[PDB]
Amino acid sequence: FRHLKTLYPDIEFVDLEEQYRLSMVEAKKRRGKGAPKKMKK
Amino acid sequence: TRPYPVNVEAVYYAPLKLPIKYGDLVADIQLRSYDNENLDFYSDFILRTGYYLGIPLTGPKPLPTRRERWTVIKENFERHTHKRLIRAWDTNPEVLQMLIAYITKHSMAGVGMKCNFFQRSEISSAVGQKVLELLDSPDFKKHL
Amino acid sequence: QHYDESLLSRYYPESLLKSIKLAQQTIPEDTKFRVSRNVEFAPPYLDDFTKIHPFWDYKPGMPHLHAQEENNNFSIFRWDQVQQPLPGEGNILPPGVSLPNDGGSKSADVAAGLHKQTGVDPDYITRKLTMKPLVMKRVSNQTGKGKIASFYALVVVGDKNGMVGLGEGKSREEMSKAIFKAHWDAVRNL
Amino acid sequence: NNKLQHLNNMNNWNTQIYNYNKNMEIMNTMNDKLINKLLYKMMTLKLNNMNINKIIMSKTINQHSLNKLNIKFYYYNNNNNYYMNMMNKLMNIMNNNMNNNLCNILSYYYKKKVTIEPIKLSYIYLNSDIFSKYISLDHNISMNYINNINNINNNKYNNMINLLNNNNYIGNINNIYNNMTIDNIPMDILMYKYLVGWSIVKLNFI
Amino acid sequence: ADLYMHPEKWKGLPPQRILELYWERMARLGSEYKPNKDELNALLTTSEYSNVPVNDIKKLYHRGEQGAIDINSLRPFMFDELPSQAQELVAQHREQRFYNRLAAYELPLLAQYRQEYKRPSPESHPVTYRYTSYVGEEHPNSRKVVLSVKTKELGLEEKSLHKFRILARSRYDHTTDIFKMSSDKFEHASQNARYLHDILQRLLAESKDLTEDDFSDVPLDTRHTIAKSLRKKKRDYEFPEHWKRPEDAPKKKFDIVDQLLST
Amino acid sequence: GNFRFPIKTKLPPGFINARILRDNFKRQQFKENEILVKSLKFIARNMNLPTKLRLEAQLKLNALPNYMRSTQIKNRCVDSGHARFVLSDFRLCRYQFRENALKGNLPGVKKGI
RNA sequence: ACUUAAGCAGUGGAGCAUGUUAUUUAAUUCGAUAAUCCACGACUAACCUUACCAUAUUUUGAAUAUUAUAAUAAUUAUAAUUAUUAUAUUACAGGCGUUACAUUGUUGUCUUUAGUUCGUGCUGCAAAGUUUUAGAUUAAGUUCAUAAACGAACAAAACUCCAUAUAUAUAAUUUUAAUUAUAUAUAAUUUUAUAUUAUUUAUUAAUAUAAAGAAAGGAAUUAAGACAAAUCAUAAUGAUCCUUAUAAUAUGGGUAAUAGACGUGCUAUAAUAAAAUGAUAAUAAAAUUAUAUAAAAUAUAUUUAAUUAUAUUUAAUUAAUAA
Ligand SMILES: [Mg+2]
Ligand SMILES: [Mg+2]
Ligand SMILES: [Mg+2]
Ligand SMILES: [Mg+2]
Ligand SMILES: [Mg+2]
């Protein structure tokens, strides 16, 4: 799916699974249940 | 009523087969598929193609069906490989090439082929390379 | 059998003519044809295959398994509609349809069913009779699994000129069906 | 014995293939699965925002021939002359684009020629898979069918006995099939024509 | 026929033709599609054919779906379509008709490429090569070649033939008198054919050589053939000759009907 | 830093988990190092050659990393990543094999009669 | 009426194999516990598998997207743009973490499935009932009878598919097993004629005799309840928890330790039973061989040979052909 934007610029493809994952991250983001920031080396 | 020539009539009947004159076996065509309807239809088409190409073809000899079985722990699953055989006799290699190319052009789904060609004719090392290189290398040549 | 060239020329396209010539010289005239048994290569009907039927034959330009068109010569560029429309009338209706709006109220149904079942005149029922519901209630029955509710309707119908009838109807599903049954019974009890 | 009155047992399987090289057959099955999932992912199309069309398509039928692959699938969608909507662009990139159409990339993927065949279904209850994916977001007929089949059989019988009363080759083909024709035989003999039952997903067609 | 690619030639065409060419160019070009002057001017003429105002077609051309937006579920069944399964059956019949037409009107055109079978004269063409071709597959066994020859037709005298058979070892079968060799080591089948032919020339050359060769006193070994035959069932027996009694055979009976029908 | 394994290996095209990734790494590295390992084994197992070369070959064989060994490759389900009850005819565990056979994804498979 | 009681055939005290439990262990990865009994998945655990222990060791990691610097190309014109490929970039990815963290999906176990609704008709003022019948028959829903009840839909049955017996086609009987192979088709739920005994008494069952029969077995296919589940390894989604650690890689170890305890199998405890031998080779079926199989031969155990096990060497076969 990553390759599609390069191949077919006119057509705009929505991958539903990534939208669901992003919305779930936002939902956990809203309630402060987000993952702790990864330690910088 | 409406004239219907011989070609259209031949479609509505079993494929015509040319007689074998000499008896030389030039090509064996084995068709195998997991279902039989497509298999027999394609065999019939090959027979018609061979007839119109002038190729004596014996016919689709039924060969033993292979049965693969699997057990899921107790459900039984199985796959049947149906196999047909068509043999070609007394014709030139070029005509076999035309037959095979044409029937490959118009093949049917789910059917696989093997073509064995008999050509009567007149009487008249990657690992090894690597082993030599290692033996030349200065980790093995240093032990001579 | 064998036909002379002109007779086929008038009755067949020119391109197919050369195929028919080669078939004529290829198939002996004394040929005997035996029907096949295991595999039916030909259609059940009779056809000379000269013309392409839009429904029963692969559409020209449509990609498919046996597409003989060059891969980039397909002529299907608008995908909005169903590509191959239905043949014949354009419809697939069963021998008798029964859809009054898609085939290719209480008073009306009461009148029709009553004329069908007892011979009563529909027009008299629809025009002259008037219904007023008298009793409308919910009655329950206990059962081992649970309590089951039903709707009871008692209605009175009459033409206001000396004919009056009483009808009772029960329905577990809806009160409207109970009123329908009560109207039916009241018409029967005139 | 007739292809208008039965469904080929080959059509039962989504990937219909036989290869002498069994490893290539397994590879083709895996490729069919993965490409089917990718085709599933490509079926949603939005134009800017608030224009999210979702095409529901059944599972793909991968017809493997010796010199070609055909990916057949059914799909549901939903002044039109002078522009292109998202679904039309999707199909045109499936087959019609000159430069980087999908079937060329799939041909490089499979190492054999590839074509894609989308077919539109104007309703949702004409396919169990499409119907299920969408909702995620008769005795007279039989009597007529049997009697009419008997009519065709008896008509061929009548033609043959008449031809006999006027090897096993009998006579001209036209007299054998005097009245049988494209208009009357095909549509009448076809099966699975009407939906006679359903249970929301199992659709019974007879 | 190159109408769609060059913008210059839409003028004067039937309206449906301009519309189809417009669709063709746009669909084929895809992302590389760009507006053109002549296509728009030709599309201006198509306003009469269909129910569209001129400015409306300009707008639709300019801005796609959204320009048109700025300007169903569980629907009743109209009996205008088939189920998917019935459509599969119709596809089967479409394939059947395609093949029927093909056999009807193209296969008769393959007779022009007929050629007579010049039989390779049996004695002077005794070596048969088997090549295998798995059509439409990359099968490693496509490289195997089999060279088989009935040893009698080899041009050899008794001592040379006996040497040939002795040196063949397991590759020679005394019962069927066949010498068969299989080669699949090289990548292609032609390389294996050359390999087999060269080995045959070596074997023949040194079998024909009897100058310093004394393999007459070595009996031919058949233990491999003995085992191969021992791994098969035999139906050698036959009905005893003396047991046959032709006297009791069915005797055909006279029937005058066919006599008069034929004479 | 960027990748768990010493050498860059492309991602499998289907279901992914850690054990599938390790399996794929070992498989690809076996592909690359097969010829070298076979040559080393030949030099080690060839009694014609001097003993010193045989011992050198054996020591070099022992020095190789684990992702080059042939035995360490284990067949895993390509749909769930399970390593047991894997059918090599489809490279699926018995459960995934069952579901795919019921759904018709496997060509030619049917229910037993 | 499951299950029991009876009859028959066994197995059953020992050794080993293989599980579970206990105990130990650094770990001996995971499984049950509301009082009969039950923690018990193995289509192969040396490494991998692997999930456990020890020691080191990796930190945007496996993906998606953002925002930036480097090379590659394509164009325009060194620059502009596009892409690709790296390096960062942080949302995060990841988790064989948790069922005392829940709900669907299902996976099974048990019961009921000639029965449940719907439509009419009829009885009762009505809630309701649908009646004889709480019938007969069979080994059993397999079959009848009656009566204000009669219908349609599912379900069941029929039907379907195996097996069997035949017919047609196909095979130039060297891919030979034509005694075979696989396509189509037919056939049966057996049909009859009498005798005797019962019978709702014949236009019925029990048998038995005679006649035509190749005809004698089998599987699948539906819903409704109710219980059990996290090796629910039969999954998904969500809840919560870790984010230098409960994530990830490598080396080795462990899953095989034994006082014991109980299951499951294999080998035995001798003569209605074990051993040796039995080459023109007594007699099969179903499988498997491109990530192979390994024939015959030579050599060593070893000894005239044979047998058996390895070694050397690959003959054919990628297959109705050879193994
Ligand atoms: Mg292993
Ligand atoms: Mg380890
Ligand atoms: Mg281990
Ligand atoms: Mg997570
Ligand atoms: Mg873990």
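Residue numbers (PDB author numbering), protein chains in the order written: chain X, 56 to 96; chain J, 17 to 89, 99 to 149, 181 to 200; chain E, 14 to 117, 120 to 205; chain C, 81 to 158, 168 to 226, 253 to 281, 296 to 329, 393 to 398; chain Y, 48 to 118, 127 to 318; chain N, 2 to 114. Quick reminder that beta carbons are idealized off the backbone N, C-alpha and C, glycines included.
Would you identify the three-state DSSP class for residue i, choosing helix, strand or coil?
{"i": "residue 399 of chain C", "result": "One cannot answer for residue 399 of chain C here, as it falls past the ends of chain C, which runs 81 to 398."}
{"i": "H66 of chain E", "result": "coil"}
{"i": "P195 of chain Y", "result": "helix"}
{"i": "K83 of chain C", "result": "coil"}
{"i": "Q14 of chain E", "result": "coil"}
{"i": "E183 of chain E", "result": "strand"}
{"i": "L324 of chain C", "result": "strand"}
{"i": "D49 of chain Y", "result": "coil"}
{"i": "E261 of chain Y", "result": "helix"}
{"i": "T141 of chain E", "result": "helix"}
{"i": "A304 of chain Y", "result": "coil"}
{"i": "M137 of chain C", "result": "strand"}
Between which two residues does the beta strand (DSSP E) holding residue i run?
{"i": "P207 of chain C", "result": "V203 to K209"}
{"i": "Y184 of chain Y", "result": "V182 to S188"}
{"i": "residue 95 of chain J", "result": "Residue numbering in chain J jumps from 89 to 99; residue 95 of chain J, which lies between, is not modelled."}
{"i": "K394 of chain C", "result": "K394 to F397"}
{"i": "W86 of chain J", "result": "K77 to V88"}
Along chain C, which residues have their Cβ under 8 Å away from the Cβ of residue i?
{"i": "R77 of chain N", "result": "Here the premise fails: no neighbours, minimum Cβ distance about 13 Å."}
{"i": "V69 of chain X", "result": "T124, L125, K126 and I132"}
What residue does the alpha helix (DSSP H) around residue i start on, and which one ends it?
{"i": "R46 of chain N", "result": "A19 to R46"}
{"i": "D218 of chain C", "result": "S217 to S225"}
{"i": "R72 of chain Y", "result": "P62 to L76"}
{"i": "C192 of chain C", "result": "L191 to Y199"}
{"i": "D124 of chain E", "result": "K121 to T133"}
{"i": "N111 of chain C", "result": "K102 to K121"}
Note down, in chain order, every chain J residue with its Cβ under 9 Å from the Cβ of residue i.
{"i": "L20 of chain E", "result": "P19"}
{"i": "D93 of chain E", "result": "Those within 9 Å of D93 of chain E in chain J number zero; the least Cβ separation is about 28 Å."}
By the criterion of Cβ-Cβ separation under 7 Å, what are the contact partners of residue i in chain N?
{"i": "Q96 of chain C", "result": "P108"}
What I want to know is whether the C-beta of residue i ends up closer than 7 Å to one or more non-hydrogen atoms of ligand 1.
{"i": "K27 of chain N", "result": "no"}
{"i": "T72 of chain N", "result": "yes"}
{"i": "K173 of chain Y", "result": "no"}
How would you list, in chain order, the residues of chain C whose beta-carbon sits under 9 Å from the beta-carbon of residue i?
{"i": "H194 of chain Y", "result": "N99, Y100, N101 and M104"}
{"i": "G2 of chain N", "result": "Residues of chain C passing the Cβ test: none, with the nearest at roughly 30 Å."}
At a CB-CB cut-off below 7 Å, which residues of chain C make contact with residue i?
{"i": "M123 of chain J", "result": "Going along chain C, no residue has its Cβ under 7 Å from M123 of chain J, so there is no contact; the nearest lies around 15 Å."}
{"i": "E67 of chain Y", "result": "None at all; the shortest Cβ gap to chain C is about 10 Å."}
{"i": "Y58 of chain E", "result": "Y306, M309, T310, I311, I314 and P315"}
{"i": "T81 of chain J", "result": "Chain C residues near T81 of chain J: none, gap ~13 Å exceeds 7 Å."}
Mind pulling the chain E residues with CB within less than 8 Å of residue i?
{"i": "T204 of chain C", "result": "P76, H77, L78, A80 and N84"}
Cβ of residue i versus every heavy atom of ligand 6: is any distance shorter than 7 Å?
{"i": "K75 of chain N", "result": "Within the structure as shown, ligand 6 is missing, the only ligands being ligand 1, ligand 2, ligand 3, ligand 4 and ligand 5."}
Starting from the beta carbon of residue i, find every residue of chain Y whose beta carbon is closer than 8 Å, and list them in chain order.
{"i": "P91 of chain X", "result": "Ordered by position in chain Y, no residue passes the 8 Å Cβ test against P91 of chain X, which lies about 43 Å from the chain."}
- [ ] Give, in chain order, every residue of the region 175–196 of chain C whose Cβ lies closer than 7 Å to some Cβ of chain X.
- [x] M175, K178, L179, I182 and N189
TODO: Can you give me, in chain order, the residues of the region 48–74 of chain J that have a beta carbon less than 7 Å from any beta carbon in chain E?
DONE: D56, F57, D60 and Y68
TODO: Could you run through the region 139–154 of chain Y and flag, in chain order, every residue whose CB is less than 9 Å away from some CB of chain C?
DONE: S139, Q140, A141, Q142, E143, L144, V145, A146, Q147, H148, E150 and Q151
- [ ] Give the residues from the region 107–124 of chain C that approach chain N closer than 7 Å (Cβ to any Cβ), ordered along the chain.
- [x] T109, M110, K113 and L114
TODO: With 8 Å as the limit, tell me which residues of the region 85–108 of chain N have their beta carbon closer than that to any beta carbon of chain C; keep them in chain order.
DONE: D90, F91, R92, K104, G105, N106, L107 and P108
- [ ] Give the residues from the region 76–103 of chain Y that approach chain X closer than 8 Å (Cβ to any Cβ), ordered along the chain.
- [x] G77, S78 and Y80
Task: Contact list for the region 142–155 of chain C against chain J, Cβ threshold 7 Å - done: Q143, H144, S145, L146 and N147
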